[PDB]
Structures are given as structure tokens and as C-alpha cells.
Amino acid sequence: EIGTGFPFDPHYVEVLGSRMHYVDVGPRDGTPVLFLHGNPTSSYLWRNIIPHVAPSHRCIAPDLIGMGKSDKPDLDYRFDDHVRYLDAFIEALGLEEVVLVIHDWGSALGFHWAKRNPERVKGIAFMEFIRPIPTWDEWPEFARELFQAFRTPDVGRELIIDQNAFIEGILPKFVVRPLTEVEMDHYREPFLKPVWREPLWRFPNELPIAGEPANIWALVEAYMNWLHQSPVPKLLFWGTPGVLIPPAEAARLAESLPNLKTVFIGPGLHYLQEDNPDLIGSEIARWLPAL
């Protein structure tokens, strides 16, 4: 029942000397809604959510540099590289004010951009987002040894680069319902060759867990501090048991963040868009008019 197609015409824009791909649908004026994916996905992740929003709002969904249909420049692919390319993507499209719809490393990018551009963010919808994880005990037990191995020298590259563990293992393991072969092939396409998989390994090595790495920890702490003091309208989707945002964390955010609406989506691990896209898309569409 969940759609497997990707019925969006490609759009491309030159960013810092590379081509970046993005979805661009909906009315051409008004406030645009910017959808940001994370690891190891692309705009494909938003395919069943955008159609709920496009009747009323411009929907823009870029593929991060090195991901989806975007180019693959010779970068480190550290978080700062993604910050630079997304910053330049937003300026290249001439976006002024935006609504953010963000997930995983797309949420680190979105929140970090919002903190630096607070007058330009009219609302933030988010789910399974990057926050400072205090201990490995807060990481789900069934994935703890794997993510520690991703962050272990040599071992992590063997798993993610050589064996494609993030696409073949983590992605289907972090969806409650079974992903279909058609969906897996969409997610596999940008990473068929090992030489393309550096972003997939860099991302877990940047996750802020138990204080490390210190630079990302401080950056994420900073935008969470901004979020806790910001009056911007906020919409959180959460599932059970979750991965980055377990129920107790969703509850804590419901108590501490200003101007927050929360929506429980039912069963969900990390890629909540793949378990209940209809609820996520319909609730975003209902929330946008209040902005």
C-alpha cells in the first residue's frame, strides 16, 4: 500500500562547482517547505509525504552532496562539507523564509541552519533527529555493537564501505515493516560502487554519542539550546520503540520545547517515513496553515 514510485521530475542546480539534484513541486510562491533527508537515504525518503503538502505549498527536497542523484565530488564528506553545500544550495535557489521538514543528519543540517538564520525559519517539523546521546546505554541494544563497530578503526570501513552494511543492514533493520526490493533498489542506486560510500561511513563517525566527537557534540548542543529558547512552531513525530528519539525523549521534548505539537505514529524505529507516511504527511499538511 505504501507507494514505491518516485514520480518527480529531476531538477538540478550548480552548487560550489557540483550539480545537486532536488525535487521541486507545488505552487511557485508562498513559503516553501524544505525536506532534508539523512543517512543513507535521499529525497526518495520523502516520496509519500510530499504529495500531502504539494497541493498547498512549494516542496523542495534536495539530495545531499554525494547522495541520491547529486554529484560526487572529492570531499572529506565531514559534516562541515554538508553544511557548506546545503548553505549554498539554499542561496542558489533564492529561498528567503522556509518551513523545515527534517530527519536524522538532515535534522542536524536543518537545526544548525535555523540557529544561524532564525528569522528565516517559520516552522520546523522533525522526527528521529540528531541530539547529543549521553551514553551508549541510550543507544538501542540491538544496534549498539554495530554502531560501535562503525566507529571502530578499520572495522567500520570494512562493514560500511566494503560490505555496504548501512544500506543492506541498517536501512531495513530500522523500518518496522519490510522494505520491498523495489524500494531497496532505489536506496541502493547511489551506492552501487564502494568508492561512492564515504558519506555512509563518515556520518556514523560524526554521531554525537557519549561526548564524542567533541566538535559535533558542541554544535548539536548549541542548536538544541537554540531550539529550547525559540518560539518557532515545532512539530515532532515519534514512534515506538524509536532509535534516536525513544518515547521517554519524546516526552521530555513535549515538556521542554516551546510551541511544540507532538504526533505519535505507532510502531517505528528510525525511518518513520517508511512506516506511517500517511499520518506524517497529513499532519504536516494540517499544521502548515497555523504558521
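For every residue, the number given is its place in the sequence shown, counted from 1.
Participant: Test of understanding: from the entry's C-alpha B-factors, which stretch has the higher mean, 144 to 152 or 197 to 205?
Facilitator: Taking the mean C-alpha B-factor of 144 to 152 and of 197 to 205, the larger value falls to 144 to 152.
Participant: Can you let me know which of the two, 175 to 183 or 212 to 220, has the higher average C-alpha B-factor in the entry?
Facilitator: Looking at the record's C-alpha B-factors, the answer is 175 to 183.
Participant: Name the residue from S70, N39, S230, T262 with the greatest C-alpha temperature factor listed in the entry.
Facilitator: That would be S230.
Participant: Name the one of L109, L192, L100, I130 with the greatest CA B-factor according to the PDB entry.
Facilitator: Result of the comparison over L109, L192, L100, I130: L192.
Participant: Sort the modelled residues of this chain by their C-alpha B factor and say whether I170 lands in the lowest, middle or highest third.
Facilitator: It belongs to the highest third of the chain when residues are ordered by C-alpha B-factor.
Participant: Could you say whether, by C-alpha temperature factor, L269 belongs to the lowest, middle or highest third of its chain?
Facilitator: For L269, whose C-alpha B-factor we compare with every modelled residue in the chain, the answer is the lowest third.
Participant: Thinking about Cα B factors across the chain, which third does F79 belong to?
Facilitator: Tercile = middle for this residue's CA B-factor.
Participant: Please say which third, lowest, middle or highest, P55 falls into when its CA temperature factor is compared across its chain.
Facilitator: Highest third.
Participant: Where does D29 sit by CA temperature factor within its chain: lowest, middle or highest third?
Facilitator: Answer is highest: the recorded C-alpha B-factor places it there.
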